[PDB]
Every structure is written in C-alpha cells, then in structure tokens.
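Chemist: The sequence shown lines up with residues 11 to 217, 225 to 325 when you count with the deposited numbering.
All C-beta atoms in this analysis are idealised placements derived from N, C-alpha and C, irrespective of residue type, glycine included.
First, the structure itself, so that you have it in front of you.
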Amino acid sequence: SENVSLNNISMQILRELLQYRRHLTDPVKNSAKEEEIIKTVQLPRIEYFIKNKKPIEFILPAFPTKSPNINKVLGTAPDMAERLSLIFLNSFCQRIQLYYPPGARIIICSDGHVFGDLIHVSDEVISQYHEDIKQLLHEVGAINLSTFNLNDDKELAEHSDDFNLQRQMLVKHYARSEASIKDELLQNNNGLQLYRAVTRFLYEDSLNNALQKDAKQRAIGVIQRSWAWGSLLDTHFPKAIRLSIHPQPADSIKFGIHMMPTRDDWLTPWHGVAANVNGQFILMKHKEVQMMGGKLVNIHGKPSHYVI
Ligand SMILES: [C-]#[N+][C@@H](Cc1ccc(O)cc1)C(=O)O
C-alpha cells in the first residue's frame, strides 16, 4: 500500500515546518492540540504534491518594503536581516530535498505596491526595494525562491506608470468592504490581535491620539488591501501551501512562519535591523538596538547590521 511511506514523507515536511512556527504565545494554549489540529489541516495539501511526485509549493507574501521610521529600521534598502531570512528560506527548501528529491519552492510575493500609499512609502522607493530583493536572491544563489509581482497578474495592464491604476483594479475585483473587514477582525481573538498589531506598527512608523486614530483607520485599509493581494494569490496558486509572516490560528489554512530568531511574533525584517548578540543574529528594532551598546557594521558601504 505504501501510504504509510507517503505519510512518512509528508509528516517529515510538516514536522520541519512546525519547528519554525510563528504564533501567538500563550501558556493557556496546549500547543500539542494546536499541532494535532495543524496536522489535519496541512498534511493533505502537502500530499497533493508528493502524490504527483512534484515539488512542494509554498506561497508567502512578504518583503513589501522597508519601514519609513529611521527609528524602526536602518535604511531604505534591504539590510542583513532580509539577507539572512532569504538565506534561511531557500535552505529550508533544500533540507526537504534530503527527504524528498523534487524538493520545495517558495514564490515570495511582493506586498509593496499594494498598500504603499497607506504605509506612506513612495511607489518609487518600493520599486527599488523590490529590484534589490531580487538581486539579493541572485547574489545569494537562493535558487528555490521565486518572486511574484503585482505586474505579474494578467488583468492589471502592466501599469508600471500608474500603480494607483493597479491599486484600484485590485480593490474592485478582489477586495471586501472595510465594513465587512472590521466585522471579521472583531469576531475572534485572532482578528482582534491582527487589528492591534497593524495599528501599532502604523503608529510606530509615524515618528498623537489623532495619529492613533489615523492608524486605526489606516489599519482596516492596509488589512483590506493585504487580504485582496491574498485572494489574487488565492486563485493564482490554489494548491500551494500558504505561508504567512503573521501569527496564525491552528485552524487556518495559512501557516505562520518565522525567518530569524526574534522576541516579537509580529516583527519582520522590513520592520527591524539584524543584530549579532552573543554570536547569534537577532531581529530587534533599530532604536532599541541604539540604546543597546550596538556598533553598526556596514557592507558594500550601505550598513548591514549592528554587532553587540
Ligand atoms: C502585511 N504587512 C506589513 C504591513 C506594513 C509594511 C511596511 C510598513 O512600513 C508598514 C506596514 C507588515 O505588517 O509587516
């Protein structure tokens, strides 16, 4: 029968994923139950790829652009924190080859032009971040990793000239009402914790109650836009395992993933800087490292990381 063998393969890929799971840390939660739920969730989607002897396909939306706050991050360009995370992702795909020869691939999807106005970053800066991240993949030989653009969608008419044109088309065909959004965020403690995180980060990027009010409204907007980019991808790559840089419920189709060691569930490399602390690279915010006795290190002139 050998379905035990097929289960043995897919369970190794799941067990590796689990070692890197990004979730809402709560001691009331019995993580054991969470996995048992996750196993039921993702194992079948994995097995679609093994059964057809194809590579395991992962879809991740991430690296949209670097945060504007100099206080939060060190530069506009992708620093060492991006590089290490990119390097980890591609290596994640190779260890799968040791179990499973077809291997695994991740189509990283650029989130930048989607919400670029709501986050207060120029469409031009976002574009440069994007070319750079592709270059970082070539510099580093991250073969298993791919990029998926906003331009890649056939329906947008290649509006390089007007991203706003691309923006309106995505909202029409793929967005839900912000009214329908606030409702959905508020039903579950997961939805509530997404809402706060998105509002906090937007407030942090600004750098007061009125500013907090702006973040609360901008949050529902940035959520709506990022969930549109989700449905665009939801149709394009349906059978692909879903990776997120956000914490996820154990019942979600999305699987939350960490790409660096970090004390924050929501911190991602475009909201931080890479710090070498006790011979371990850590993701921490550029201010918090400055109060730390942190010596900046720079590579190719542009600063890459802070060493402690
Ligand atoms: C999804 N998503 C992003 C949203 C974002 C990105 C960049 C930025 O400067 C501000 C907010 C995240 O939560 O990291």
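Do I47 and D193 come within 9 Å of each other at the CB atom, strictly closer than that value?
Modeler: Position 183 of the sequence shown, counted from the first residue, corresponds to residue 193. Position 37 of the sequence shown, counted from the first residue, corresponds to residue 47. For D193 and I47, no; Cβs fall outside 9 Å.
Chemist: So, helix, strand or coil for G247, using DSSP?
Modeler: As a position in the sequence shown, residue 247 is number 230, starting the count at 1. In the structure shown, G247 sits in a helix (DSSP, three-state: H, G or I).
Chemist: Nearest to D127 by CA position, among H322, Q176, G247, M277, is which residue?
Modeler: What you label residue 127 is simply residue 117 of the sequence shown in a count that begins at 1. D127 has its Cα closest to that of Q176, out of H322, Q176, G247, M277.
Chemist: Measure from the alpha carbon of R235 to the alpha carbon of each residue in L250, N198, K271, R210, then state which is nearest.
Modeler: Translated into the one-based positions of the sequence shown, residue 235 becomes position 218. The shortest C-alpha separation from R235 is found at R210.
Chemist: Check whether the Cβ atoms of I69 and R259 sit closer than 9 Å, and answer yes or no.
Modeler: Translated into the one-based positions of the sequence shown, residue 69 becomes position 59. Translated into the one-based positions of the sequence shown, residue 259 becomes position 242. Yes.
Chemist: According to the neighbour-count rule (16 or more other Cβ atoms, all chains shown, within 10 Å of its Cβ), is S187 buried or exposed?
Modeler: Locating residue 187 in the sequence shown gives position 177, where the first residue counts as 1. It counts as exposed.
Chemist: Let me check understanding here. Comparing Cα to Cα, which of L160, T157, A245 lies closest to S190?
Modeler: Position 180 of the sequence shown holds residue 190. Nearest option by C-alpha distance: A245.
Chemist: Counting Cβ pairs, one atom from each stretch, are 3 or more of them under 8 Å apart for the segment 281 to 292 and the segment 82 to 98?
Modeler: The answer is yes - the segment 82 to 98 touches the segment 281 to 292, with three or more Cβ pairs under 8 Å.
Chemist: Which value, in whole angstroms, describes the spacing of the CA atoms of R25 and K64?
Modeler: For the purposes of this step, residue 25 is taken as residue 15 along the sequence shown, with counting starting at 1. For the purposes of this step, residue 64 is taken as residue 54 along the sequence shown, with counting starting at 1. Using only the alpha carbons, I get a separation of about 19 Å.
Chemist: Indicate whether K76 and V131 have their beta-carbon atoms separated by less than 9 Å.
Modeler: Within the sequence shown, residue 76 is the residue found at index 66, counting from 1. Within the sequence shown, residue 131 is the residue found at index 121, counting from 1. Yes, the Cβ-Cβ distance between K76 and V131 is below 9 Å.
Chemist: For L34, name the three-state secondary structure that DSSP assigns.
Modeler: Mapped onto the sequence shown, residue 34 falls at position 24. Of the three classes helix, strand and coil, the one that applies to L34 here is coil, per DSSP.
Chemist: Taking 8 Å as the cut-off, is the C-beta of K76 nearer than that to any heavy atom in ligand 1?
Modeler: To locate residue 76, count along the sequence shown from 1; it is residue 66. Yes; taking the cut-off as 8 Å, the Cβ of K76 has a heavy atom of ligand 1 nearer than that.
Chemist: So the candidates are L27, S321, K230, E165; which of them puts its Cα closest to the Cα of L249?
Modeler: On the sequence shown, residue 249 is found 232 positions in, with the first residue counted as 1. Selected option, being the one with the closest Cα: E165.
Chemist: Starting from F158, trace the beta strand (DSSP E) both ways and give me its first and last residue.
Modeler: As a working note, residue 158 is residue 148 in the sequence shown. Residues 155 to 158.
Chemist: Is the Cβ-Cβ distance between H263 and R32 less than 9 Å?
Modeler: Within the sequence shown, the letter at position 246 stands for residue 263. Within the sequence shown, the letter at position 22 stands for residue 32. Contact flag set, yes.
Chemist: Could you please give the first and the last residue of the uninterrupted beta strand (DSSP E) stretch that includes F272?
Modeler: Along the sequence shown, one-based indexing puts residue 272 at 255. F272 -> beta strand (DSSP E) spans 271 to 273.
Chemist: Tell me the rounded alpha-carbon separation between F125 and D133.
Modeler: On the sequence shown, position 115 is the one that residue 125 refers to. On the sequence shown, position 123 is the one that residue 133 refers to. Cα to Cα, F125 sits roughly 10 Å from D133.
Chemist: Determine the DSSP secondary structure at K312, reduced to helix, strand or coil.
Modeler: Within the sequence shown, residue 312 is the residue found at index 295, counting from 1. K312 falls in the strand class under three-state DSSP.
Chemist: So the beta strand (DSSP E) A114 belongs to, where does it begin and stop?
Modeler: Against the sequence shown, residue 114 aligns to sequence position 104. That run of the beta strand (DSSP E) goes 114 to 120.
Chemist: Report the rounded CA-to-CA distance for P112 versus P266, giving the unit in angstroms.
Modeler: In the sequence shown, residue 112 corresponds to position 102, counting from 1. In the sequence shown, residue 266 corresponds to position 249, counting from 1. If I take the Cα positions, the gap works out to 29 Å.
Chemist: Quick test of the definition: if touching needs 3 or more C-beta pairs under 8 Å, does the segment 287 to 305 touch the segment 49 to 65?
Modeler: No: the two stretches stay apart, fewer than three of their Cβ pairs being nearer than 8 Å.
Chemist: Quick check: is any heavy atom of ligand 1 less than 8 Å from the C-beta of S243?
Modeler: Here residue 243 refers to the residue found at position 226 when the sequence shown is read from its first residue. Yes.
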